[PDB]
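**Q** What follows is a single structure, and I will ask about it in a moment.
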Amino acid sequence: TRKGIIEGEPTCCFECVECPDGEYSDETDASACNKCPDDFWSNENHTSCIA
Amino acid sequence: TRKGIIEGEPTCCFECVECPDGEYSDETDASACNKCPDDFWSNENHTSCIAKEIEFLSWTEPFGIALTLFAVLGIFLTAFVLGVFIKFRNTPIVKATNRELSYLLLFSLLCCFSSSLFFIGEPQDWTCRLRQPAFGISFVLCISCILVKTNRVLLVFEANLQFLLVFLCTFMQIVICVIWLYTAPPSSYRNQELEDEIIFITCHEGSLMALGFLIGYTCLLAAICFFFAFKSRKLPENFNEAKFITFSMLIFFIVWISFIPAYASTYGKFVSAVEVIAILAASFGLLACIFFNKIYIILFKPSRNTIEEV
Amino acid sequence: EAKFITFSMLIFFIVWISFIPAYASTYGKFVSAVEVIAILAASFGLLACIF
Ligand SMILES: CC(C)CCC[C@@H](C)[C@H]1CC[C@H]2[C@@H]3CC=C4C[C@@H](OC(=O)CCC(=O)O)CC[C@]4(C)[C@H]3CC[C@]12C
Ligand SMILES: COc1cccc([C@@H](C)NCCCc2ccccc2Cl)c1
Ligand SMILES: [Ca+2]
Ligand SMILES: [Ca+2]
């Protein structure tokens, strides 16, 4: 999951937005969703890459 | 495009990240992506909601035009043969084989050819309710006419009656169709489980059990016809019509056994096309393998149109 | 062997035409399976009818 902006609120106030398919997030409090490399795709849970 | 937080930097500072596929952003400076609604999909710029493409076997698709052309050819050929038996109604060849059965069979072949047309176009609820029953009933009526036209078949039932055989053989499958259409009728089903940019229109059979009974009864009748025609093929009665019935049943089985892999391995609109082809093929087989020879003798080389020859 | 030649070529045409709506819209292993089935059906039709 990535962080999303609530406009009118400080930067520490974010919402959790599911990563789109093909993009993974393997960390906690990651700003953007990381794209999988070539010949690789995001899991069902979008947490890493599987070939 | 949407705004993305930079680590350690205030809200005013943000990175522009293009909208994911499927979602769109209409207003500028949007903090989040909005999923396109149902029936709608993201455009090429992720800014608008383009209606998802609707896929079905179209009448203007090359497959649709071609299969309609061939079905119309079959209709014209069946009308041709029926008109030839009407013009030379009382010639010995038309008289020998029961001509009322011949008209019934040709009407049934017209119905078989016309049943394929219920597979081209956008599937409606009544269309999906009518598709399988129509071909099933029409082709069972054809097989029944052929089954009473062969030999050692009228006799075994007797131990006219021709219409009794054809009526029961069609009526059992009509009962199947009524039970199916009353209990679990088919319908039309918009699928989004295929490619997500497309809504694909299917027919939803109420139960594959009723479809299985329909197909199995249509196959059992043809198998009985083939089995009885096999033991009569050497007879030259009615211009070797027993061996020509054998040929028609063999074509039926070739067409409907080459249909299982063709149906299973087909995905998308063209699945309906598969069915059409099979239908057409079977019908054509029957027509030719039952009629054309005789028709030739009726119209060309009429010297064989004698009681001795037939 | 007129009927046998005729039915060999009928099996050929019928099998290959039934697979036109499949070959037109399919991808992956199913394409190769379609090709193998068509080849095996035409070959078996010739073998059977002729011999
Ligand atoms: C829709 C498309 C794909 C099919 C087009 C083929 C049929 C409409 C016609 C064209 C050739 C016809 C065949 C041409 C020749 C014969 C020979 C004929 O053999 C004979 O025993 C006749 C003997 C004689 O000539 O007196 C039997 C019918 C048959 C198979 C005909 C059956 C009907 C056929 C297959
Ligand atoms: C073989 O004789 C027949 C008797 C009735 C109908 C038909 C054809 C025109 N449709 C088959 C229906 C195709 C089918 C098969 C399995 C599961 C779903 C579906 Cl959709 C042939
Ligand atoms: Ca504030
Ligand atoms: Ca700072």
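Chain B is numbered as in Swiss-Prot; shown residues: 550-708, 722-872, in order.
Cβ atoms here come from the backbone N, Cα and C positions, even for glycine.
The disulfide bond annotation in Swiss-Prot covers B:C568-B:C582, B:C585-B:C598 and is backed by experimental evidence. For B:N594, the entry in Swiss-Prot reads N-linked glycosylation site. Marked as region 'Intracellular loop 1 (ICL1)' by Swiss-Prot on the basis of an author's statement: B:637-648. Annotation comment: Swiss-Prot describes B:790-805 as region 'Intracellular loop 3 (ICL3)'. For B:637-648, B:790-805, the entry in Swiss-Prot reads topological domain 'Cytoplasmic', with the evidence type experimental evidence. According to Swiss-Prot, the feature topological domain 'Extracellular' maps to B:669-674, B:746-769, B:829-832. Swiss-Prot lists B:611-636, B:649-668, B:675-698, B:723-745, B:770-789, B:806-828, B:833-854 with the feature transmembrane segment, giving experimental evidence as the kind of evidence.
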**Q** Helix, strand or coil by DSSP: which one applies to B:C585 (disulfide bond)?
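**A** Note: B:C585 (disulfide bond) is coil by DSSP, not helix or strand.
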**Q** Take the transmembrane segment (B:806-828) and find every residue of the same chain, 6 or more past its ends, with a Cβ under 8 Å from one of its Cβ atoms.
**A** 695, 698-699, 781, 784-785, 787-788, 791-792, 795, 835-837, 839-840, 843-844, 847-848, 850-852, 855
**Q** Give the one range among B:611-636, B:649-668, B:675-698, B:770-789 whose Cβ atoms make the most pairs under 8 Å with those of the transmembrane segment (B:833-854).
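**A** Between the stretches B:611-636, B:649-668, B:675-698, B:770-789, B:649-668 has the largest tally.
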**Q** By DSSP assignment, list the helix, strand and coil residue numbers for the topological domain 'Extracellular' (B:746-769), in that order.
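**A** Going through the topological domain 'Extracellular' (B:746-769) residue by residue, I get 0 helix, 12 strand, 12 coil.
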**Q** Based on Cα coordinates, which of the following disulfide-bonded residues are within 10 Å of B:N594 (N-linked glycosylation site): B:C568, B:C582, B:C585?
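**A** The disulfide-bonded residues close to B:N594 (N-linked glycosylation site) (Cα within 10 Å), listed in sequence order, are B:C568.
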**Q** For B:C568, B:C582, B:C585, B:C598, listed as disulfide-bonded residues, tell me which one has the smallest number of other Cβ atoms within 10 Å.
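**A** Result for the disulfide-bonded residues B:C568, B:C582, B:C585, B:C598: minimum number of other Cβ atoms within 10 Å at B:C598.
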**Q** Go through the chain and flag residues at least 6 beyond the ends of the topological domain 'Extracellular' (B:746-769) whose CB is under 8 A from any CB in it; none is fine as an answer.
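**A** Apart from its flanks, the topological domain 'Extracellular' (B:746-769) reaches 571, 588, 590, 601-605, 671-674, 676-678, 680-681, 829-831.
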**Q** What does DSSP assign B:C598 (disulfide bond), in three states?
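**A** It is in a strand.
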**Q** Can you grab the distance from B:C568 (disulfide bond) over to B:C585 (disulfide bond)? Cα atoms, rounded to a whole Å.
**A** 11
**Q** Any residues 6+ beyond the ends of the topological domain 'Extracellular' (B:829-832) with a Cβ under 8 Å from its own?
**A** 604-607, 610, 612, 756, 762
